[PDB]
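So the structure is just underneath, and the comments pick up after that.
Read-outs throughout are calculated quantities, based only on the coordinates presented, and are distinct from any laboratory measurement. Don't worry about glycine lacking a Cβ; one is built from the backbone with ideal geometry, like all the others, and counts go over all protein chains shown.
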Amino acid sequence: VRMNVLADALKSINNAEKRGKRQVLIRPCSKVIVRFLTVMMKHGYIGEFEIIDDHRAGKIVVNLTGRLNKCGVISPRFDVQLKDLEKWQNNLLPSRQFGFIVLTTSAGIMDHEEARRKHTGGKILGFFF
Amino acid sequence: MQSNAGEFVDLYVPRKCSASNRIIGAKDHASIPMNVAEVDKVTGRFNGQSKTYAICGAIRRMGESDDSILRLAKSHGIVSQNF
Amino acid sequence: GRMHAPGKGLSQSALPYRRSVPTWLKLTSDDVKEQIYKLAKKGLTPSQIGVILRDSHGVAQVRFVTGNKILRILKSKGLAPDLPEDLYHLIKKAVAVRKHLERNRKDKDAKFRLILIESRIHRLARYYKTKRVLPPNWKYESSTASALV
Amino acid sequence: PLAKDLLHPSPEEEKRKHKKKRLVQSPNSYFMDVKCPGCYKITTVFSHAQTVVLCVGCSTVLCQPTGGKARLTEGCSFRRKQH
Amino acid sequence: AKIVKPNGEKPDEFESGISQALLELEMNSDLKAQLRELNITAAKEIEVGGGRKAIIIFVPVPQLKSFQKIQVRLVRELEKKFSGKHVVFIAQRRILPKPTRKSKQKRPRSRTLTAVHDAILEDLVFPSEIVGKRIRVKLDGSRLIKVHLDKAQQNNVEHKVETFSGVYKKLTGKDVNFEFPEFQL
RNA sequence: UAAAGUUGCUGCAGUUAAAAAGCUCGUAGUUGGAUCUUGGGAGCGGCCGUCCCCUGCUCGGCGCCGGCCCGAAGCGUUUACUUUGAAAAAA
C-alpha cells in the first residue's frame with residue numbers, strides 16, 4: 001500500500017520536472033511534504049505552491065520552474081550526526097558548491113547547511129539539486 | 001560563474017529553453033530560436049525590433065513546441081488574451 | 001486492491017466538502033435520534049439504519065445532523081448488539097458456506113472461499129480484541145459459530 | 001499539453017472526471033422533492049435510492065431500486081434541491 | 001445586563017452599551033422569547049482597512065447555535081443602530097496549548113489551535129457557508145488562506161468581505177482573502 | 001586485502017545469459033495514510049538577518065506595607081533521535 005507519503009510526492013514532482021510540466025498535483029498532503037517544499041522554495045528550486053483542503057488529507061499544486069535537476073527521498077529516515085553529514089553530502093549530492101540534503105531535526109525540517117549552523121543533527125528525509 | 005575574485009571564468013553562457021528553463025547543449029541540433037516580428041499598433045507594419053524565443057530539441061520532438069510559443073506570444077501581448 | 005481478490009475497484013462513496021446540514025431538512029437532531037431508536041428496535045443494523053434514513057428521510061449523514069454516528073447512538077442508549085454487525089455478517093456467511101459443505105464435499109472452490117472468510121473473521125477477531133470491544137478469550141469456533149446466527 | 005491550469009479547471013472537465021479523482025472530491029448523487037398524484041405531501045428521495053421508497057401509509061410505491069439512479073413510478077414528478 | 005464575562009471583571013461602557021442595545025431589542029422588538037435565554041460574553045471594536053470600523057461580539061458556544069437561528073435579522077437592528085459599522089458574531093472558544101514534554105486529562109481536538117481557528121472562520125460568515133480553502137504559500141514562505149464562499153447569499157455578505165479579512169487577521173494573525181467560485185456551486 | 005558494483009548497507013542481479021515458489025491463505029519477522037502551537041511583544045545592524053518571552057506548588061535575598069518580585073532542593077508521561085557533559089590504561 002502507500003507507506004511513505006513524502007516519497008510518493010517527491011517522485012511525482014521529479015517525473016513532472018523530467019517531462020517539463022509547469023505545475024504538478026501531489027495527491028496526499030502531509031505536514032512533512034509542505035516543509036520539504038518550503039525548503040526547496042526558499043532556495044528557488046520551485047515556485048509558490050498551494051495546498052487544497054478537502055475535509056481529508058489535502059492535495060498540493062506546486063508551480064515547477066526548470067531549476068530542479070532531481071528531487072529524491074531517502075527511506076528509511078536514517079539518523080545523522082554532524083560527523084556523518086559530510087559523508088551523506090559526499091555520496092548523495094553532485095557538487096560541494098550546490099545541492100541540499102533536507103533532514104528533520106528537533107529545531108525543524110531544514111537543509112544540511114542550516115543543520116551545520118544550528119549545530120543540530122537529525123533524521124534524513126531526502127535531498128534535491 | 002564567478003571565482004573568489006569575481007572573474008567570469010566559464011568559456012560561454014549557454015542559452016536556455018524559454019518553455020522549460022532547461023539549458024540547450026552545444027549539440028542539441030533540434031533547437032530553434034524563433035524571432036516574432038513586432039507591430040506599430042496604429043499602422044500594422046514591421047518595426048525592426050523582435051521578440052526571441054528559444055526551444056530545446058526535447059520539447060520539439062515531444063510535440064509541445066507550438067503550444068509553448070502560443071503561451072509565450074500570449075504572455076508577451078502578441079496573441080489576444082481572449083484567443 | 002481487494003484483500004482476498006485480485007480486483008482493484010474504485011467503488012466507494014464521496015462525502016461533499018460542506019459538513020453543514022442543508023436548508024430544506026427541518027428534522028431536529030432529537031427527531032432523527034428517536035427515528036434511529038425506532039429503526040434499531042425494529043431489528044435493523046447501522047448500515048441498514050443509514051440507508052433507510054438517507055433514502056426516504058432526506059438525511060445526508062446522521063453525523064452531520066447529530067454530533068455522532070449511528071453505532072455510537074445505539075451504544076449510548078444500549079441497543080447496539082454484543083458483537084459488531086460486520087463481524088456478524090462474516091460469521092453468518094461462513095456458517096452458510098460451512099452448511100453448504102455438509103452436502104457438497106466435492107466443491108473445492110467453496111472450501112477455498114471458506115478459508116478466505118475464515119481468514120477475514122480471524123483478522124477482524126484480532127482487531128476487535130486490540131480495541132477491547134470483544135473479550136480476549138473469545139474465539140471463532142466453527143462448532144459454536146452455527147450457534148451464533 | 002504541458003501547462004494545464006490544475007488550480008482552476010473548467011466546470012465541464014470536473015463534471016466529466018470521476019467523483020474521487022476531481023481536484024476537490026464531490027458526489028454525483030443528489031436529493032429530490034418527489035410527489036405522487038394521490039397524496040398531498042412531497043417526500044425527499046435520494047437519487048440512488050436502492051430501496052422501495054413508500055409514501056405515508058403506502059399511498060403508492062414512489063422509487064424502484066436499480067443499478068444506479070433509481071427509477072421513479074410513472075406519474076411521480078421531481079425537483080432536485082441544492083444549498 | 002446580558003454582558004456575562006467568565007472572569008470576575010467589569011466591561012467598559014462600550015460592551016455594556018451593546019448589552020443595553022440587545023436588552024432594547026428584547027423589551028421593545030418581536031424577538032424577545034429568543035433573546036431572554038441568549039447571553040453575550042465580550043465585544044471589541046477594531047480598525048479595519050480604509051475609513052471603516054469593525055465591531056465583533058463574542059458568544060458562548062452552547063447558545064451559539066440558538067444565535068445562528070437569529071443572526072442576520074439581529075445584525076439588521078445593530079446595522080441601523082450603529083450607522084457606519086459592520087457587526088460580526090464569533091463564539092468565544094476556549095483554546096488549550098499543545099501538551100509538551102515539560103507539562104490532567106487528554107487535550108480534546110475541539111479545543112485545539114486549528115479546529116478553533118477554522119470554527120472562528122466558519123462563524124465569521126453565517127449567511128455564506130465555506131465551499132473551499134486554498135492556502136497559497138508565497139515565495140518568502142508567508143501563507144495566504146483563500147476561503148471560497150457560496151454564490152447563495154453573495155450580495156448579502158460581499159460588502160463585509162473587506163471587514164472579514166481584518167477580523168480574522170486580528171484573532172489569528174492569518175492574512176486571508178475571500179473569493180466567490182461560480183462554476184461548481 | 002584491494003581490484004570484486006564477481007556477496008552488492010552504501011551497491012549487484014532474476015523475460016531471453018545463472019535466477020520469481022504452480023497458486024492462494026497465513027502466525028511470528030519486516031513496513032505501515034492524513035490529522036493535535038500558532039501568531040506575535042521587544043531591541044541592534046544595513047524591508048530583511050541574529051538575539052530575549054508565551055506550567056505550577058519548603059527555605060531564603062534588591063526588598064516592600066500575611067502577600068507580591070527573585071534564587072535554591074524536590075515533584076512534574078514513556079522512550080527512540082540529536083546536542084552537550086561526566087567517565088573510559090598505556091603502547
Open item on the list: Compute, for chain A, the length of the dipole vector about the Cα centre, with Cβ point charges of +1 (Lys, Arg) and -1 (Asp, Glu) only. Units Debye, rounded to 20.
Closed with: 220
Task: Cα pair distances of chain A binned at 10 Å [whole percent] - done: 12, 46, 33, 8, 0
- [ ] Calculate, for E:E9 and E:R111, the FRET efficiency according to 1/(1 + (r/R0)^6) with r their C-beta to C-beta distance and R0 30 Å; round to the nearest 0.05.
- [x] 0.85
Open item on the list: Using DSSP to call loops (not H, G, I, E or B), can you name the trypsin sites (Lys or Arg not before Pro) in region C:1-34 whose Cβ has at most 14 other Cβ atoms within 10 angstrom?
Closed with: C:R2, C:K8, C:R19, C:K26
Task: All-pairs Cα distance distribution in the protein assembly as shown, expressed in whole percent, bin size 20 Å - done: 13, 36, 36, 14, 1
Open item on the list: Tell me whether chain E comes out rounded, prolate or oblate; compute the Cα gyration tensor, take square roots of the eigenvalues as a ≥ b ≥ c, and use a/c under 1.5 as the rounded threshold.
Closed with: oblate
Open item on the list: Under 5 Å between amide hydrogens, which residues at least 5 positions from A:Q23 or on another chain qualify, with H placed 1.01 Å from N in the peptide plane?
Closed with: A:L64, D:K4
- [ ] Enumerate the amide H contacts of A:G122 below 5 Å, restricted to partners 5 or more residues apart or on another chain; note that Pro and chain-start residues carry no placed amide H.
- [x] A:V80
Open item on the list: Output wanted: per-residue J couplings in Hz (rounded whole) for region E:131-136, from phi through Karplus 6.51 cos²θ - 1.76 cosθ + 1.60, θ = phi - 60°, x for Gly and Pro.
Closed with: 10, x, 10, 10, 8, 5
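Give me the mean projected area, in nm² to one decimal, of the convex hull enclosing the Cα positions of region A:1-68.
Details: hull surface 17.8 nm².
Over every viewing direction, the Cα hull of region A:1-68 projects on average to 4.5 nm².
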Open item on the list: To test your reading of the geometry: what angle, between 0 and 90 degrees and rounded to tens, separates the Cα axis of helix B:65-74 from the longest principal axis of chain B?
Closed with: 70
Open item on the list: Just checking the output field for E:6-19: average partner chain Cβ neighbours within 10 Å of each residue's Cβ?
Closed with: 0
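Taking 45 Å as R0, compute the FRET efficiency from the Cβ-Cβ separation of A:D8 and D:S59 and round it to 0.05.
0.25
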TODO: Calculate how steeply helix A:31-42 sits against the longest principal axis of the alpha-carbon atoms of chain A, using the helix alpha-carbon long axis, and give the answer as 0 to 90 degrees to the nearest 10.
DONE: 80
- [ ] Provide the per-residue ³J(HN,Hα) series for region A:82-95, in order, calculated from phi with Karplus coefficients 6.51, -1.76, 1.60 and θ = phi - 60°, each as a whole number of Hz, with x at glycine and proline positions.
- [x] 4, 4, 7, 4, 5, 7, 7, 6, 7, 10, 10, 10, x, 10
- [ ] Report the one residue of E:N7, E:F89, E:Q71 whose Cα lies farthest in the direction of the positive end of the charge dipole of chain E (charges on C-beta: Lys and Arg +1, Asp and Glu -1; origin at the Cα centre).
- [x] E:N7
TODO: Once you have a ≥ b ≥ c as the square roots of the Cα gyration tensor eigenvalues for region C:3-73, tell me rounded if a/c is under 1.5, and otherwise prolate or oblate according to whether a/b is larger than b/c.
DONE: oblate
TODO: Report ³J(HN,Hα) in whole Hz for each residue of region E:28-42, in order, from the Karplus equation J = 6.51 cos²θ - 1.76 cosθ + 1.60 where θ = phi - 60°; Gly and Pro get x.
DONE: 8, 7, 6, 8, 8, 5, 8, 9, 4, 6, 6, 10, 10, 8, 9
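Listing C:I115, E:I55 from the residue with the fewest other Cβ atoms within 10 Å to the one with the most, what is the order? Show your work: numbers first, answer last.
Working: C:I115 10, E:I55 19.
Arranged by neighbour count, lowest to highest, C:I115, E:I55 become C:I115, E:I55.
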Open item on the list: In region A:1-68, if the dipole is taken from +1 on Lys/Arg beta carbons and -1 on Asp/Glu beta carbons about the Cα centre, which of A:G58, A:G20, A:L37 is farthest to the positive end?
Closed with: A:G20
TODO: Quick one: dipole size for chain D, taken about the Cα centre, charges +1 on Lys/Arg Cβ and -1 on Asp/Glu Cβ, in debye to the nearest 20.
DONE: 180
Task: Cα coordinate range in region E:78-173, projected on the principal axes (Å, largest first) - done: 51, 38, 23
Open item on the list: Charges on Cβ only, +1 for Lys and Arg, -1 for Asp and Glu, centred on the Cα centroid of the protein assembly as shown; of B:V79, A:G121, E:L185, which one is farthest towards the dipole's positive end?
Closed with: A:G121
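Counting other C-beta atoms within 10 Å, which of C:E118, E:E158 has the fewest, and how do the rest follow? List each step's numbers first, then the result.
Working: C:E118 17, E:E158 13.
Result, fewest neighbours first: E:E158, C:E118.
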TODO: Based on alpha-carbon positions alone, could you give the equivalent ellipsoid semi-axes of region E:121-185 from the gyration tensor, as √(5λ), descending, whole Å?
DONE: 21, 15, 9
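Take the Cα radius of gyration of chain D and divide it by 2.2 N^0.38 Å, with N its residue count; two decimals is plenty. Don't skip to the answer; put the middle values down first.
Working: Rg = 17.4 Å, N = 83, 2.2 N^0.38 = 11.8 Å.
Dividing the Cα radius of gyration by 2.2 N^0.38 Å gives 1.48.
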Task: Bridge type composition, the protein assembly as shown - antiparallel percent by DSSP, nearest 5 - done: 85
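Give me the Kirkwood hydrodynamic radius of chain B, using the inverse of the mean 1/r over all pairs of distinct Cα atoms, in Å to one decimal.
On the way: mean 1/r = 0.0667 Å⁻¹.
Answer for chain B: a Kirkwood hydrodynamic radius of 15.0 Å.
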Task: Inter-label distance for B:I23 and E:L171, nm, one decimal - labels placed 7 Å from Cα along Cα-to-Cβ - done: 5.3
Open item on the list: Cut-off is 10 Å between beta-carbons; in what order do C:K139, D:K81 appear when sorted fewest neighbours first?
Closed with: C:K139, D:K81
TODO: Give the angle, between 0 and 90 degrees and rounded to the nearest 10, that separates the Cα long axis of helix A:5-19 from the longest principal axis of the Cα atoms of chain A.
DONE: 70
Open item on the list: Let me check I've understood the local charge: for D:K35, count other residues with C-beta under 11 angstrom from its C-beta, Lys and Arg +1, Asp and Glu -1. What total comes out?
Closed with: +1
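So, with +1 on the Cβ of K and R and -1 on the Cβ of D and E, and no other charges, what is the size of the charge dipole of the protein assembly as shown about its Cα centre, to the nearest 20 debye? Write down the numbers at each step before the final one.
Values: 116 positive and 61 negative charges, 551 e Å.
For this selection, approximately 2640 debye.
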